[PDB]
Protein chains: 2
Amino acid sequence: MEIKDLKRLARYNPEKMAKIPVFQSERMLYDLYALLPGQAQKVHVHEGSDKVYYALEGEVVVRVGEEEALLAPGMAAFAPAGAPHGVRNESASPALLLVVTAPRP
Amino acid sequence: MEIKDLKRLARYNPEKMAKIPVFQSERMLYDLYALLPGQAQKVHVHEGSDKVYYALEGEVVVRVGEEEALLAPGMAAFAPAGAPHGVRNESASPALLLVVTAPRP
Ligand SMILES: [Cl-]
Ligand code: NA
């Protein structure tokens, strides 16, 4: 079956953040976002999907709507469709997120 | 912004596995499954939804289709639509899973 150790899949790119697909689903994106310090997924609105950022490792500043919060390990932030959202690693350490998007964009 | 510390949401039902919705998304179920030893999510089939189990804490024996594997902490298992799936906490410790089902069944 498709069963993986998420952290072991994480690959950080010095040039820019990386999105590492965990599973290939026709109904969602179940990815890892590997952000080195200073890297980020720019804030954007995706009207066709809901996204949930879950911090697996490290921390990122997650923005949903007009709010930002520190998404520390173990925390999940919900970015429902229409809400501008993004994550930025402002820390001095890598940050790894489990990012789920439904439906598949 | 809806941001939650997943572990802090865990609650256990002694009579049966506790299903604790993390977020109410129209696009997916993003739930926590709190399984005390011996508890389980009986085998189920979502003809039109994919489900991904991610072991936040503890371990469960995850069944997806014709296979069963130990879903240890940090591991995620993918149950594509149609595949019978379930999780059983056969350990002597509680298990907490982040379970995503998309779309909502
Ligand atoms: Cl993909
Ligand atoms: Na069913």
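As deposited in the PDB, this entry carries the title "Crystal structure of the TT1209 from Thermus thermophilus HB8".

A. Structural view of the coordination of the sodium ion (ligand 2). Residue and element names in this part refer to chain B. Within the first shell, the sodium ion (ligand 2) binds the protein through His44 (NE2) and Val45 (O), at distances of 2.4 to 2.9 Å. Judged by relative accessible area, which is 38%, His44 ranks as partly exposed. On the basis of relative accessible area, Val45 is assigned to the partly exposed category, the value being 32%.

B. Just the environment of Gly86(B), in detail. With respect to the helices and strands, the residue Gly86(B) is situated in strand 9 (residues 85-88). Here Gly86(B) is in contact with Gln41(B), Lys42(B), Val43(B), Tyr53(B), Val61(B), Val62(B) and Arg63(B), once residues within four sequence places are set aside.

C. How the structure looks around the sheet that holds strand 3 (residues 29-35) of chain B. Taken together, 6 strands build an open sheet; the order of strands is 1(A)-8(B)-5(B)-10(B)-3(B)-2(B) and the sheet is antiparallel. Each edge of the sheet is formed by a strand with only one pairing partner; in this case those strands are strand 1 (2-5) of chain A together with strand 2 (18-24) of chain B. Neighbour-to-neighbour, the strand axes of the sheet open up by a mean angle of 20°, direction not taken into account. Two strands pair when backbone bridges link them, and strand 3 of chain B and strand 10 (residues 95-102) of chain B are joined in this way by 7 bridges, in the antiparallel orientation. Each residue of the ladder has a partner; that of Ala34(B), found in strand 10 of chain B, is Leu96(B).

Conventions used here
- Residues numbered from 1 in each chain as written, not as in the entry; some residues may be left out.
- Chains lettered and ligands numbered in written order.
- Heavy atoms only, no water.
- Donors = N, O, S within 2.8 Å, 3.2 Å for Na, K, Ca; no water.
- Buried < 20%, exposed > 50% of the residue type's maximum accessible area, 1.4 Å probe, protein only.
- Helix = DSSP H or I, 4+ residues; strand = E, 2+ residues; numbered from the N terminus.
- Contact = heavy atoms within 4.5 Å.
- Pairing = 2+ DSSP bridges.
- Axes fitted to C-alpha atoms, helices over the stretch in contact; angles between N-to-C directions.

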